[PDB]
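Data first, discussion second: the structure below is written as structure tokens.
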Amino acid sequence: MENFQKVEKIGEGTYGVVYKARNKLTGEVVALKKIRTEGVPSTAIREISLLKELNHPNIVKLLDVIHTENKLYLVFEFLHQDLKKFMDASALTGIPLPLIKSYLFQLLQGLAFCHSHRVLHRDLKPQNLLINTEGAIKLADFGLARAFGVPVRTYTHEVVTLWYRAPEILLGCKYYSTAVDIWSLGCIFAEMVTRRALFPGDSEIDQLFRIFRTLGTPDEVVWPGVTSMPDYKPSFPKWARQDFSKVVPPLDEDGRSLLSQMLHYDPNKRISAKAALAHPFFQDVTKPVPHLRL
Ligand SMILES: NC(=O)c1cc([N+](=O)[O-])c(Cl)cc1NCc1cnc(N)nc1
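In the deposited numbering, the protein residues as written are 1 to 36, 41 to 298.
Structure representation (structure tokens):
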């Protein structure tokens with residue numbers, strides 16, 4: 001509003017426009033997201053407001069929710085860069101394993117926290133993971149997708165990224181579980197390691213088939229109930245599971261083991277954030293300093 005001097009437009013955020021802004025009073029620099041509409045639901049107000057108490061070091065703090073004049077403003081703690089930009093910037097050399105491990109570990113701590121408080125992210129992707137110079141990484145936009153159905157096209161009709169969507173969502177499941185976030189994080193882990201998106205689908209069916217081509221078309225053996233899912237079709241081609249060592253080379257077996265558990269088809273077999281934190285892969289985790297050029 002007028003209490004915020006806009007510094008620059010960060011982008012066309014998932015729900016709306018995002019600006020880097022400074023509070024004229026406090027001098028605090030924040031990210032301000034403007035969200036779209042018949043007056044903006046009041047149901048979302050109670051919901052969003054609840055997320056203000058969801059405070060954790062690996063969760064971008066939601067400082068304030070402001071509903072006014074058919075506009076909804078979300079004020080967030082500001083971080084200078086997202087993981088997508090960082091991965092692009094580290095494309096030639098790759099993110100060092102120690103840093104990949106630190107980020108994965110921190111993200112799992114953040115998910116463990118949200119999940120223990122019954123909050124799901126639902127739309128984890130590199131762009132929603134913010135990083136700073138201290139080596140921290142934080143989850144952004146956590147429980148927002150709840151009172152906002154399912155993404156598809158931002159106000160600028162931008163294409164919704166399905167690359168990190170769990171198979172149960174693609175198969176039409178009506179109830180998401182914490183497992184969807186573990187799946188997305190597994191996809192991100194793989195991408196940090198290989199420097200290439202794991203399943204870059206360009207349509208819902210292409211996304212699903214890319215997953216099937218790599219992990220094998222799921223069946224009742226590995227995923228009880230899958231053939232009864234809303235969008236499951238007996239006509240799906242049946243692809244054999246690819247040898248896992250081919251998926252994220254040259255990741256070591258500790259890493260491959262954890263990733264395999266984060267990508268199990270059955271949401272109920274998929275590892276929890278809490279359990280993943282105890283995986284041997286993190287035995288030598290540390291907190292390196294990233295090379296950020298702001
Ligand atoms: N909380 C935040 O700091 C933040 C929030 C949103 N958002 O609520 O939509 C977005 Cl896009 C980006 C953010 N920061 C990363 C960033 C900073 N600067 C520039 N130029 N690009 C990215």
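No residue lacks a Cβ here, since even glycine has one placed at the ideal position from N, Cα and C.
Practice task
Would you be able to state if there are at least three C-beta pairs under 8 angstroms between the segment 149-156 and the segment 195-212?
Solution key: no
Practice task
Go ahead and pull the three-state DSSP assignment for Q113.
Solution key: helix
Exercise for the section: Keeping to the same chain, check which residues put their C-beta closer than 6 angstroms to that of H268; ignore five residues upstream and five downstream. Expected result: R274
Exercise for the section: Return the bridge partner residues of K20 from the DSSP annotation. Expected result: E8 and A31
Handout entry: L143 beta carbon near ligand 1 (any heavy atom closer than 6 angstroms)
Key = no
Exercise for the section: May I ask you to check if the CB of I52 is nearer than 6 angstroms to at least one heavy atom of ligand 1? Expected result: Because no heavy atom of ligand 1 lies under 6 angstroms away, the Cβ of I52 does not count as near it: no.
Problem - Secondary structure of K291, DSSP reduced to three states - result: coil
Handout entry: One or two residues paired with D92 in a DSSP bridge
Key = Under DSSP, no beta-bridge partner is assigned to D92.
Exercise for the section: With DSSP as the reference, label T72 as helix, strand or coil. Expected result: strand
Handout entry: DSSP three-state assignment for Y107, whether helix, strand or coil
Key = helix
Practice task
Quickly, what does DSSP pair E81 with across the bridge? List them, please.
Solution key: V30
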